[PDB]
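>>> would you be able to build a 3D model of this:
(2 chains)
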Amino acid sequence: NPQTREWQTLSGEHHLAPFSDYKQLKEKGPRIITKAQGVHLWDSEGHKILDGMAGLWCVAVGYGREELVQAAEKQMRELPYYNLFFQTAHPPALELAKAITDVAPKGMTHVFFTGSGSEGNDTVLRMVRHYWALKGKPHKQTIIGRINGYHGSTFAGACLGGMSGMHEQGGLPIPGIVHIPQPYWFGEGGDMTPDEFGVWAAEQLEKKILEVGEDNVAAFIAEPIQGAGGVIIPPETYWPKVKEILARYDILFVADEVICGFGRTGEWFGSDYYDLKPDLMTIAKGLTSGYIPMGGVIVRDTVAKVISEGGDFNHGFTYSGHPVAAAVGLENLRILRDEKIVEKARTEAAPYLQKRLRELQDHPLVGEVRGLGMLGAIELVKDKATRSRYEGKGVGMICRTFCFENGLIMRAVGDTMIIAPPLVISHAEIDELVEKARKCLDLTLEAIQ
Amino acid sequence: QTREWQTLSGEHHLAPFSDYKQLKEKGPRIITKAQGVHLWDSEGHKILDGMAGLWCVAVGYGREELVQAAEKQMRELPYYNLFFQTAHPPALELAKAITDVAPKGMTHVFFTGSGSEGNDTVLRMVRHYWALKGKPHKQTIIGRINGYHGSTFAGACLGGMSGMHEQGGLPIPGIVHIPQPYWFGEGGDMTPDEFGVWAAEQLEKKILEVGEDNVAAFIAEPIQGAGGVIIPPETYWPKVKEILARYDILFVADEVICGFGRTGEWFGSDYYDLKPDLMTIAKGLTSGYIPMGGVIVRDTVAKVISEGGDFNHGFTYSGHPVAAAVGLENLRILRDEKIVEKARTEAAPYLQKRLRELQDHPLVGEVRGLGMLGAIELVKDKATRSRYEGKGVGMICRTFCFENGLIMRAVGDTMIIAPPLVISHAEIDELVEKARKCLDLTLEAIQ
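Numbers count the residues shown, from 1 in each chain, chains lettered A, B, ... in the order given. Coordinates below:
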């Protein structure tokens, strides 16, 4: 009603939002978020809203940490920008690279800097193929991804992931990208027990290697826990089985830690969680807690032999290792580490979140509650034993809409409700979430039957 | 210690467009401070920055208005996404700002983090747009040799650097390249004007080759940047326009470099009175103080809205609120403090004059420049426009240029400048003085 309407007519006439139906957006008008603090935020109509998604999986330390505001201001005044092209560097970017590598697994010794996760996965793509072409195998290009995996919205990042909705937009794909099925027991694994589905899903990797040809396979790319396509937590058997395959074949492993990176699963990385030894690690989001745009790729020492016969690695972006972004990053890692936010997430926040969320198991609508560290998903079903869904209907969108109106951001991927709140969420704020969540699950159920 | 920071780079950093083995043997040059158009290294050496970082620091280093715009926004609202049918005030009012300085009918902005992400955005957009209009077969993008459009997979395709095409495997289907209008190096014994016509007509050749009904768009920078400042002959763009009218394809102007005051006008599209459909932007949007890019979209091409359904595209940090505030505040300064106007009227003619007095120098084949762009051709023979085969003339100047406190870059044997728009006549004096000295030193090192 107040200034909202002015901002709303503007969006309609001048703005094109990510992943949106702009015709619809205009008929409703978007919701404007203006302020935020802690884990909460306010819309232009004064409604306080608990943010259970941490913006978009990125605001790790929560909203309003002034340490980062001052880290930025100082850097921006002293040196706002200088490129990393001209055989040149600046202190932020170097000491950040050092910080990341220290919290990264054994042998993750290098960082190539990008502005986003998407630009990160582009970086992996040109890297992996260059790496093989350097090793004398330029035919070896094919990347194995997965259905319902997300890896970016660049051309490369959309072609690497397995969203059909994206593949339909942008024309003929990049040659040399193929997809195996996702280890989503709940929705895909029919009458199999979780454990044996995880083995099935893992062995499909070996199927695809032998199909395409080992000597044609450049890398396997996967998120440790898929994010955008629901929080598809794998069966226990999946990663261990996958590791056994990886050892036998001579291809690179790419862990997309964009979401899993920096405390989301209780550990620093998902690769730490499932004791994975990747070659490359996509990162973004929580690197700077989203206070400033930044992404990157963490590179294993052995792969970083691109240095040798590195007849220039003709890659990079203007704002690679942007000094203001690096200061915010460096300062962010100090807080995460020294104030023991990741440690507090694993020990204090996560078990409390997992408990209070799994008491929604009883609710008529809930087929399953699954979650790990500061990830959590709730399956909405028509029948718990069959794991069936309400064909069309749009159950998930209904919850989401209630969830919003009762001051909760908990997002819907199909009929899977999702959360991934800031790591610094207090037991009280966790109470607030679960309370609101139950109310909206009740309201949802009412709206069907 | 520099040395400490240098051994670090070696052990932990992979810099853009660099030979990391070499980088380690030398150690990189670390930049710590800057002010105005100048910069300091960790050894205390002052250096005039003739490239504005990387074509981006329009208003120059040290403008506190932007530091405060950031701080305020970061405190109030550090981030919120634009995915969840959600928005925030910065991004909306910035979109409005840009559209106002953009040519007639440029009414919309899709936000990205870089120019590369911008060109990815154009690619998915253009093909979706045609698929929406009932022609999903219509995908082919026409670019140009020595054109630069990004370092994403899409952006490295799209552009015509061979060095990039050799890295990343088989290209994206439906991208073809016509020749660049670089008279000085390519044109031979044609007069500039007739080369520009030749180069332009090669577009029509490619349309008819591939098939109109297969052609989605032509993509070009108004003035190529990364591949030297290839200022086109006067005839090129006018000729190109005449082709564009006759055929049913989209025009994509990559204003990443040309955008926001670099050619005296707001855009190169304003300079050459072009009516594009889509406009790639970045760099000067936020004067590079904070990472941001985007795509400006013509009203009619916003038919992606109708029937479109979801446009399944975008990045987490699309329209990042801190970045937008710095952007909005940056546009206010550019506009209201008349920096673009001062660039055209006061800075540019002075820069163009003082730079073209290097025409006389034995090594200089040509001096060309426009607004706050400038290039100097280094030759072995002025009349033939020949080069010192290999030798690496350009890299020699660059190295002198650095050691005598000037950032003037080398693309092959073309010295390049594009300094901040706010450069004073005094600082322009400083550049040209240093430039002559290094051209002298260069010549000494060869012949």
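
>>> going forward, measure contacts between C-alpha atoms and count neighbours the same way
Will do.

>>> helix, strand, or coil at residue A:33?
Of the three states, residue A:33 takes strand under DSSP: H, G, I helix; E, B strand; the rest coil.

>>> in the sheet, who's paired with it?
Going by DSSP bridges, residue A:33 is paired in beta bridges with residue A:43.

>>> contact residues of the stretch 151-300 of chain A facing chain B?
If contact is defined as Cα under 8 Å from any Cα of the partner chain, the residues of the stretch 151-300 of chain A in contact with chain B are A:152-156, A:165-166, A:169-176, A:285, A:290-293.

>>> of those, which count as buried by neighbour count?
Among those, the ones that count as buried by 16 or more other Cα atoms under 10 Å in any protein chain shown are A:152-156, A:166, A:169-174, A:176, A:285, A:290-293.

>>> enumerate every residue touching the residue lying closest to residue A:300 once chain neighbours are set aside.
Distances taken as Cα to Cα, 6 or more residues apart in numbering or on different chains put residue A:108 closest to residue A:300, at 4.3 Å, once the chain neighbours are dropped. Applying Cα atoms under 8 Å, 6 or more residues apart in numbering or on different chains, one finds that residue A:108 lies in contact with A:101, A:279, A:280, A:298, A:299, A:300, A:301.

>>> change it to 10 Å
A:100-102, A:277-281, A:298-304, B:12 (Cα atoms under 10 Å, 6 or more residues apart in numbering or on different chains).

>>> which two in these are spaced the farthest apart?
Greatest spacing in the contacts of residue A:108, by Cα to Cα: A:277 and B:12 (18.4 Å).

>>> got the domain ranges for chain A?
A:31-64+A:340-448, A:67-338 (automatic domain parsing).

>>> quick one: terminal-to-terminal distance for the first one?
Criterion Cα to Cα, to the nearest Å; first-to-last residue distance in domain A:31-64+A:340-448 is 26 Å.

>>> near chain B, which residues of the stretch 301-449 of chain A show up?
Contact residues, the stretch 301-449 of chain A versus chain B (Cα under 10 Å from any Cα of the partner chain): A:301, A:304-325, A:409, A:411.

>>> buried ones among these?
A:301, A:304, A:306-307, A:310-325, A:409, A:411.

>>> contacts for stretch A:202-215, please.
So stretch A:202-215 is contacted by A:137-146, A:176, A:178-183, A:196-198, A:216-220, A:237-246, A:248-251 (Cα under 10 Å, 6+ apart).

>>> give me the subset of those residues lying in strands.
A:142, A:143, A:144, A:145, A:146, A:178, A:179, A:180, A:217, A:218, A:219, A:220 (DSSP state E).

>>> got a list of what the last one touches?
Just to be clear, that refers to residue A:220. A:142-146, A:178-179, A:205, A:209, A:246, A:251-255, A:278.

>>> repeat for the fourth one
Shown in contact with residue A:145 (Cα under 10 Å, 6+ apart): A:151, A:159-162, A:177-182, A:205, A:219-223, A:254.

>>> gap between the two ends of stretch A:213-231?
End-to-end distance (Cα to Cα), stretch A:213-231: 31 Å.

>>> return the most buried member of the domains of chain A.
domain A:67-338 (a mean of 22; mean count of other Cα atoms under 10 Å in any protein chain shown).

>>> any idea how far it is from the chain center?
Distance, stretch centre to chain centre, for domain A:67-338: 10 Å (Cα atoms, centre = their mean, to the nearest Å).

>>> okay, how far is it across that domain, tip to tip?
So domain A:67-338: terminal residues 13 Å apart, Cα to Cα.

>>> same check, this time on stretch A:368-387
Counting by Cα to Cα, the terminal residues of stretch A:368-387 are separated by 9 Å.

>>> remind me, longest helix of chain A?
Determined from DSSP state H, the single longest helix within chain A is helix A:427-448.

>>> got the residue ranges for the helices in the stretch 251-400 of chain A?
A:270-273, A:323-338, A:341-344, A:350-358, A:395-405 (DSSP state H, counting those that start in this stretch).

>>> tell me which other helices or strands the last one touches.
On a contact count with 3 or more Cα pairs under 10 Å, 6 or more residues apart in numbering or on different chains; DSSP states H and E, helix A:395-405 meets strand A:48-51, strand A:375-380, strand A:408-409, strand A:411-413, strand A:416-419, helix A:427-448.

>>> so what's the residue nearest in space to the middle of chain A up against?
Geometric centre of chain A, nearest residue: residue A:259, 2.6 Å, by Cα atoms, centre = their mean. Residues in contact with residue A:259 (Cα under 10 Å, 6+ apart) are A:56-58, A:117, A:223-228, A:265, A:269-270, A:282-287, A:375, A:420.

>>> how about it, phi and psi?
Main-chain torsions, residue A:259, degrees, to the nearest 10: phi -80, psi -50.

>>> kindly provide the distance from it to chain B.
11 Å (Cα to the nearest Cα, to the nearest Å).

>>> excluding chain neighbours, what is closest to residue A:306?
Using Cα to Cα, 6+ apart and skipping residues adjacent in sequence, the residue nearest residue A:306 is residue A:131, 6.4 Å away.

>>> now do the SS call for the one you found.
helix.

>>> just checking, it touches residue A:311?
No: if you go by Cα atoms under 10 Å, residue A:131 and residue A:311 don't touch, sitting 11.8 Å apart.

>>> and residue A:37, that's in a strand?
Yes: assignment of residue A:37 by three-state DSSP places it within a strand.

>>> so what's it closest to, chain neighbours aside?
Looking at residue A:37 with Cα to Cα, 6+ apart, the closest residue is residue A:63, at 4.7 Å.

>>> quick one on the thing from earlier: now, which of the buried ones among the residues of the stretch 301-449 of chain A next to chain B lie within strands?
Per DSSP E, these map to strands at A:409, A:411.

>>> residue contacts, residue A:187?
Counted by Cα under 10 Å, 6+ apart, residue A:187 has contacts A:232, A:379, A:387, A:388, A:389.

>>> next up, the contacts around residue A:37.
Residue A:37 neighbours (Cα under 10 Å, 6+ apart): A:50, A:62, A:63, A:64, A:65, B:75, B:76, B:77, B:78.

>>> list the beta-bridge partners for it.
residue A:40.

>>> ditto for residue A:110
Beta-bridge partners of residue A:110, as defined by DSSP bridges: residue A:299.

>>> residue A:79 is in contact with residue A:326, isn't it?
No: using Cα under 10 Å, residue A:79 is not in contact with residue A:326; the gap is 11.6 Å.
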